[PDB]
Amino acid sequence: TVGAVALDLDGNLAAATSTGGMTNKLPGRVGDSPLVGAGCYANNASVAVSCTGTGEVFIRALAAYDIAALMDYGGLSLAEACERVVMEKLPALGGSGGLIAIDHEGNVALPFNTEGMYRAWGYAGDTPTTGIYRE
């Protein structure tokens, strides 16, 4: 699974997610990656999110939209919503993985509950950060 989120100079948010799925998966199985609100979501009013992880649990929990709804309706910060979904709700359903998120205010979050997540981010005109492991 791969993905990207961005906020542009016009204040527009977008998200994309693409995957090969799982080694040895049953032909015809669909994970969260192509499912609006599960593996991918963007709304200028809220957040853009791309997910990666145990797809079934990201579908059951509507992980990407759940971030948006927690912020929009619950008034959670990006960091608070990311903690709630990735560190609490997904593990409670036996899910592992992570996501990237940017909110309408340009806050960026790359939560994961796994050993690693291949990731990077950067502000326009600023130096990029890369990461593989925790910490």
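The numbering used is simple: start at 1 and walk along the sequence shown.
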On average, which has the higher Cα B-factor in the deposited entry, 88 to 96 or 43 to 51? 88 to 96
Quick check: 121 to 129 versus 11 to 19, which has the larger average CA B-factor in the record? 121 to 129
Among the choices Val36, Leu76, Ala63, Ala68, identify the one whose CA B-factor in the record is greatest. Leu76
Third assignment of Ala109 from its chain's C-alpha B-factors: middle
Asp72 CA temperature factor, ranked by third within the chain: highest
Going by the entry, which third of its chain does the Cα temperature factor of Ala81 land in? middle
For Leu26, the third of its chain by CA B-factor is the highest
